[PDB]
Amino acid sequence: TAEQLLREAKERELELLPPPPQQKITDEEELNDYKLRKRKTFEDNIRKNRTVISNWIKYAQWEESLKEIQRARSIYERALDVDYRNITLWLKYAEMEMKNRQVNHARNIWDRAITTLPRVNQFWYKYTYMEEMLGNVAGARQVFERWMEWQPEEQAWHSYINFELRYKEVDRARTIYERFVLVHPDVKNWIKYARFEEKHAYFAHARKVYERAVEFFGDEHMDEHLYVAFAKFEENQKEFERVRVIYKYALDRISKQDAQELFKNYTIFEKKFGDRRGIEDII
Amino acid sequence: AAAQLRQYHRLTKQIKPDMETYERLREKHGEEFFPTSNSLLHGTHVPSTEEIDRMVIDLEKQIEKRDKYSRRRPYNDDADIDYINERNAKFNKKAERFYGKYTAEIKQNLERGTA
Amino acid sequence: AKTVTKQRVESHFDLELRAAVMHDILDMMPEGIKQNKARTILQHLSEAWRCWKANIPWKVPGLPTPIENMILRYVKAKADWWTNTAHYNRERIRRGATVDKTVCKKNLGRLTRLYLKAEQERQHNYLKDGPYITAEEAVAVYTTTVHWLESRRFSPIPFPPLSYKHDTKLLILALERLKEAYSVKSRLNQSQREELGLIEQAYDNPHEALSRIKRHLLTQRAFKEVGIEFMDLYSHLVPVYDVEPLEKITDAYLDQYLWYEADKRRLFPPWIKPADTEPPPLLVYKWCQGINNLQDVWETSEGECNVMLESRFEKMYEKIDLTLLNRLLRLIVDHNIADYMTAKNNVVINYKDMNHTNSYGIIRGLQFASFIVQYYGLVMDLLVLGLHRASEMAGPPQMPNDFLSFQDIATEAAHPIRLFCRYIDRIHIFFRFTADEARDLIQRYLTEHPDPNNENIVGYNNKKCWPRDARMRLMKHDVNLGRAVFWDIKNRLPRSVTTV
Amino acid sequence: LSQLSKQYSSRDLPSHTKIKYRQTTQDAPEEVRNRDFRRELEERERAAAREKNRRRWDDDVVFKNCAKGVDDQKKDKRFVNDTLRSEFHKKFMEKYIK
Amino acid sequence: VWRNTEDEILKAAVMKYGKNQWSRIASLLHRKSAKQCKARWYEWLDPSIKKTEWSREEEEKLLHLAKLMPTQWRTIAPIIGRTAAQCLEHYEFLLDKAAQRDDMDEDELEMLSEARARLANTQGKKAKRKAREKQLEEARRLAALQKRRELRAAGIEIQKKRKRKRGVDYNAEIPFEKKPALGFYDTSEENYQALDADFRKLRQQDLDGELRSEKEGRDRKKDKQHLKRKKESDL
Amino acid sequence: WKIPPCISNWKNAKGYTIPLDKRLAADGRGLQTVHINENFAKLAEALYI
RNA sequence: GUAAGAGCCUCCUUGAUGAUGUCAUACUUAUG
RNA sequence: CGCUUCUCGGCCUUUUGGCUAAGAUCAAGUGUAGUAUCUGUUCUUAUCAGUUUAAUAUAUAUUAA
């Protein structure tokens with residue numbers, strides 16, 4: 001214990017010098033000369049390694065701090081001009097320009113990043129930040145055109161349709177949800193459109209779209225796809241004909257009735273709901 | 001997995017996906033943290049150019065310094081949320097170390113020892 | 001203007017090796033992390049450095065098995081870059097012209113580390129379980145030592161119990177021999193300083209150090225692991241060992257014991273290594289004069305032949321088992337002397353920062369190593385000869401036979417082989433072959449030789465340098481002489497041993 | 001640019017000012033276009049792969065024949081990926097260490 | 001001798017050094033030798049060896065091994081798993097006998113403390129001269145800029161620095177438009193009032209006053225204040 | 001996929017603090033390799049008899 | 001024992017002491 | 001029980017820059033100057049006092065309790 005403790009005391013006394021913070025911001029332009037020496041040290045540190053991330057980030061923080069706009073925009077513009085890939089750094093510089101009081105060149109710079117590599121990360125995230133900042137109808141329009149241009153999405157598309165739906169009206173978000181769901185059909189998209197259409201009242205186009213979507217997506221067996229929607233609209237509207245048709249179509253499913261417990265718990269749910277008791281439901 | 005729904009509740013997350021996950025949960029927490037607004041009055045400011053995604057004019061007048069401060073508030077909120085990472089959580093035990101690098105080597109050494 | 005060759009080409013090969021390894025390492029994980037790939041160059045780089053440069057496998061727990069397997073592949077390629085180039089360096093050293101010092105002794109030391117990893121590789125790998133025991137030939141050799149020491153009738157006196165002043169004279173003579181060979185004063189280090197302090201303390205108290213070494217070796221086990229070295233002599237390595245001063249003085253009293261008492265007991269074949277003489281006149285007048293003194297040696301009308309076979313030794317450490325020294329050395333000399341002696345051969349080898357423990361072979365040098373190899377080649381020398389030829393070379397028990405003759409002309413009569421000897425590593429042989437005997441064995445080895453006609457250089461051939469134009473071209477009897485070399489191989493034919 | 005031409009150095013002197021076109025004896029591009037090399041190589045490998053072809057002294061010994069009939073145990077021609085020993089470094093280390 | 005101080009200092013020297021180094025600890029252990037330090041360390045001070053008791057059921061296999069072993073102790077030491085060839089031979093001797101029966105300390109402590117402090121000093125004489133050059137350069141700049149500020153505050157007569165070509169800073173750098181800033185345009189237009197407002201708020205951000213802007217200083221002071229008092233109260 | 005630490009080996013002039021874990025190396029620093037066979041035991045019994 | 005560098009030819013802060021000289025020992029010198 | 005604020009606790013991320021032959025080796029001759037640990041001697045002051053307030057004249061002077 002005396003060896004480790006002695007190493008703790010000697011290590012604690014091994015620090016080299018305290019700071020000498022004297023004459024802080026004094027003698028008028030002398031502070032600007034100290035800022036010129038510090039900016040020179042940062043320029044030499046960024047000069048030692050052209051691939052340096054850290055030093056560039058510190059030059060961006062100290063820049064935006066003491067360099068106001070011009071020289072700060074020169075640091076973010078030089079580092080941004082020296083960085084093509086690794087768009088996360090472009091998101092750091094975009095966040096530094098977003099904190100400025102202008103924000104016009106920050107939004108236009110966000111559009112320049114949209115024309116740049118989208119990465120499907122900083123484009124949707126930065127687009128959501130700009131749209132949340134201002135330009136509701138415009139930001140959702142360019143974000144919907146961009147997201148509708150290169151590839152579809154899942155959490156970004158569903159979250160974009162949710163934010164566009166809660167914004168003002170769900171009318172346009174219904175057609176956009178039908179186009180996005182039609183671009184990448186799946187059971188989750190049918191359940192989402194059936195849930196939003198369920199909270200939308202209606203349900204005529206939700207049931208017709210449920211049968212039409214269940215018919216076009218049929219390949220091997222329905223299982224959690226059609227039976228979940230048939231039970232949702234069934235138990236929602238309390239229709240025995242839809243429960244009997246769903247139970248009849250579920251019995252025709254291949255691959256050992258598709259999922260065992262799924263169709264069993266669903267047939268027991270609609271069974272117990274509709275009639276149950278003995279006789280038929282017992283056999 | 002789960003696509004979308006209408007609800008707000010607690011979750012777990014905080015997992016390896018990192019950037020994409022923290023940005024999705026950060027945008028969802030930011031959107032759910034900010035409710036709707038006066039856009040009905042902007043519904044008077046609404047007229048004929050709304051739909052037709054491809055835009056004729058993407059700039060116009062913006063809004064005002066109002067939306068500038070209201071835009072600066074979530075920036076400071078994201079700065080305060082970014083300022084939360086871990087705590088000091090220190091003590092005097094076992095042997096000594098040298099600055100940060102020895103503590104990082106102690107954490108990685110503890111990660112390699114337990115397997 | 002890069003690639004200056006010299007030693008700079010290796011640095012560019014290592015940097016370029018770490019270059020493509022960074023691109024492939026970045027292409028190993030589809031997403032992963034960015035900064036996490038930069039630190040992997042240090043773990044894989046240094047892990048390959050100490051990995052290939054040392055005997056440690058350098059296995060990382062929870063490592064990226066695909067990346068560790070790729071860096072292990074390219075790491076083995078880097079080892080090949082230090083392998084074939086080292087083979088070209090050894091060719092450019094011995095055969096080629098030497099260049100300065102650094103590069104020369106450097107590559108010689110890398111090749112020495114390769115020989116250490118090879119000797120430790122066969123040591124640990126092959127020496128763990130099955131190292132060519134051959135219990136049949138081991139029992140046959142046990143009977144060969146049984147009847148051999150029986151008819152020899154020597155005594156295995158374990159240690160002198162301080163009988164007379166000759167023991168003290170052997171201690172002062174051994175200390176004067178170790179101090180004489182080890183005595184020089186320039187620079188050096190605590191090695192020669194501990195040898196000087198042990199020399200002054202040894203000469204100061206001869207009885208204290210004598211009893212301390214006697215009870216030491218006769219009681220305590222082997223000392224700490226010693227070192228070794230191999231210089232570049234333009235020869236095969238340069239076998240050498242660095243031993244502690246305690247085992248050095250114990251080796252002085254030991255070697256003085258087995259040596260001295262061995263001379264008092266007078267246990268040694270008449271044909272053997274040099275003893276108290278000069279090799280050039282010994283082999284000169286012995287082989288030349290005794291060969292010329294043989295009956296009808298150089299004069300043979302017909303049917304008579306002479307076979308002179310000079311065969312060096314091979315792999316003095318090939319024993320690989322301490323049981324031969326246990327039984328053989330123990331019953332031949334002592335239980336404690338062979339105990340600690342065989343324990344000294346189990347010391348772990350240490351070269352530079354690498355430590356390779358090999359107990360198979362013995363040290364490059366030691367106290368009884370002389371008598372060790374003398375008993376090895378002495379027992380194995382009677383394997384080819386046999387109790388007949390060795391019984392003829394023995395002679396009367398009172399006065400044994402001479403070097404070049406035994407009794408009258410019965411030496412060559414009862415021994416179809418004229419003579420033979422083993423001098424240090426080398427050996428010589430002389431025989432008289434009868435036309436019926438050389439035809440018989442020529443037909444046996446001829447049937448054992450798988451070819452009707454064509455005969456290559458085989459065992460013995462290509463004697464040129466000194467009698468360039470005076471040598472023999474070839475003959476059918478020369479092919480019969482190669483079949484006679486096969487008759488010497490099969491004549492000895494040890495199951496598991498280092499052979500000609 | 002229109003600059004950076006000042007002084008020369010060695011190895012930059014005029015060299016190989018006249019190139020060498022392919023002669024009709026070595027390689028002709030038209031002959032390679034009309035070449036039969038598919039069937040010519042099929043027939044070449046067809047020929048090469050077609051033909052490949054090519055006593056009291058002895059009783060007094062306490063031992064007997066030990067190593068006999070063991071030859072091919074050491075492969076004459078073997079290419080080993082391991083450069084540590086194999087065939088090469090076995091005799092190389094055997095000759096350089098003894 | 002192999003005292004406890006040499007064992008602790010040898011363990012710390014093995015932690016900050018490693019098994020690869022030998023004569024380093026020997027130089028730190030004064031009269032001790034590298035061969036004795038490696039032999040005694042690997043034989044005893046190495047935690048890999050188990051010196052605590054033994055297993056009577058597992059020790060029976062070492063006897064039959066010893067029957068197949070004799071001599072060849074170093075070859076059978078890893079086979080036993082406990083190593084310690086001296087302890088193995090001593091245990092075999094005890095089993096055979098049982099079967100047959102039926103000032104300098106303070107100087108070494110100061111050298112060890114200076115050895116560990118030297119281990120934390122591994123930065124070297126290059127980093128030491130860099131630290132002395134940084135503190136001496138900061139003191140010379142504080143004194144030169146000090147007296148220069150005292151002279152500039154009184155009299156208006158002063159020369160300008162030194163030779164203007166290059167310098168101890170970035171070449172030509174006087175941080176107004178330092179390094180290429182390129183340029184940015186939004187869409188087919190020249191934004192004027194926006195850049196003027198960004199420059200107005202830019203001039204509003206910078207203000208004249210007295211203060212010191214730092215980062216690691218407040219973090220180190222906060223770590224010292226947290227280490228001094230946090231909760232305590234015992235119980 | 002992750003980057004483990006690096007210890008032991010050589011150099012290590014920086015970060016001299018080593019809460020062990022460096023001397024652990026990998027596994028048990030080797031294994032029984034070829035272990036042992038009955039040849040040495042049978043030869044030892046033949047030497048005893 | 002010595003390669004390199006530098007310049008002069010208009011407004012604030014958390015309260016732990018000191019002066020009478022000598023040995024074993026550690027480090028720094030081209031004077032031995 | 002829900003929401004807001006404050007206090008304490010737990011987890012994720014927190015990062016040793018190259019190579020060849022351990023890269024190469026290992027002890028104290030004396031001599032001058034300087035620096036480097038530790039011991040028997042003492043112990044306190046919150047005071048100086050020439051207050052305050054109001055009015056007038058140019059911090060000072062005068063008048064009124």
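Everything below is about the structure printed above this text.
Residues numbered from 1 in each chain as written, not as in the entry; some residues may be left out. Chains lettered and ligands numbered in written order. Part of a larger assembly, values for the part shown. Heavy atoms only, no water. Residues with missing side-chain atoms left out of burial classes, pairs and counts.

Caption draft 1: Representation of the overall build of chain C in the model. Across its full length, chain C carries 17 helices and 8 strands. Along the longest, intermediate and shortest principal axes, the C-alpha atoms of chain C span 90 × 70 × 45 Å. Sequence separation of at least 24 residues holds for 63% of the intrachain contacts in chain C that already meet a minimum separation of 6. (Helix = DSSP H or I, 4+ residues; strand = E, 2+ residues; numbered from the N terminus. Contact = heavy atoms within 4.5 Å.)

Caption draft 2: Highlighting the overall build of chain F. Secondary structure assignment for chain F yields 1 helix and 0 strands. Based on the C-alpha atoms only, the size of chain F along its principal axes is roughly 60 × 25 × 15 Å.

Caption draft 3: Summary view of the arrangement of the chains. Taking contact number as the criterion, the leading pair out of 7 pairs of chains in contact is chains A and E. If you take every C-alpha in chain B and every C-alpha in chain D, the smallest gap between them is 32 Å, and the two do not touch. In this structure chain A stays clear of chain F, and the shortest span between their C-alpha atoms is 10 Å.

Caption draft 4: Expanded view of unusual backbone geometry. Positive phi outside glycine occurs at A:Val120, with the angle close to 60°. Residue E:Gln72 is not a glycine yet carries a positive backbone phi of 45°. Considering the arrangement of structural elements, one finds E:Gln72 in the loop between α4 (56-68) and α5 (73-80).

Caption draft 5: Seen up close, the interface of chain A and chain E. Opposite the 17 residues of chain A that make contact, chain E presents 17 residues. Breaking the side of chain A that touches chain E down by element, the ones donating at least two residues are α2 (30-48) and α4 (70-81) of chain A. Residue contributions to the side of chain A that touches chain E peak at 4 residues, all from α2(A).

Caption draft 6: Structural view of the interface of chain D and chain C. If you look at the interface, chain D gives 12 residues, while chain C gives 15 residues. Across the side of chain D that touches chain C, the residue classes break down as 6 nonpolar, 2 polar and 4 charged. (Nonpolar A, V, L, I, M, F, W, Y, C, P; charged D, E, K, R; others polar.)

Caption draft 7: Structural detail: the packing of helix α7 (residues 165-181) of chain C against helix α10 (residues 245-265) of chain C. Residue and element names in this part refer to chain C. Look at α7 against α10: their axes get within 9 Å of each other, and the N-to-C directions meet at 125°. As summarised for this structure, α7 and α10 are arranged oblique, according to the angle between their axes. The element α7 and its partner α10 pack so that their crossing is right-handed. Each of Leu170, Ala174 and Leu178 in α7 lies in contact with α10, whose residues at this interface are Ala252, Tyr253 and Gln256. Taken together, the residues of the contact of α7 with α10 sort by class into 5 nonpolar, 1 polar and no charged. (Axes fitted to C-alpha atoms, helices over the stretch in contact; angles between N-to-C directions. Parallel < 35°, antiparallel > 145°, perpendicular 65-115°, else oblique. Left-handed = near helix turned anticlockwise from the far one by under 90°.)

Caption draft 8: Representation of the environment of F:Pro4. Relative to the helices and strands, F:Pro4 resides in the segment before α1 (38-48). Each C-alpha atom of the pair F:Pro4 and F:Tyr48 lies 54 Å from the other, and the pair is 44 residues apart in sequence. Setting aside chain neighbours within four positions, we find F:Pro4 in contact with C:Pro61, C:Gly62, C:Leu63 and C:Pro64.

Functional significance is not addressed by these values, which are geometric in nature.
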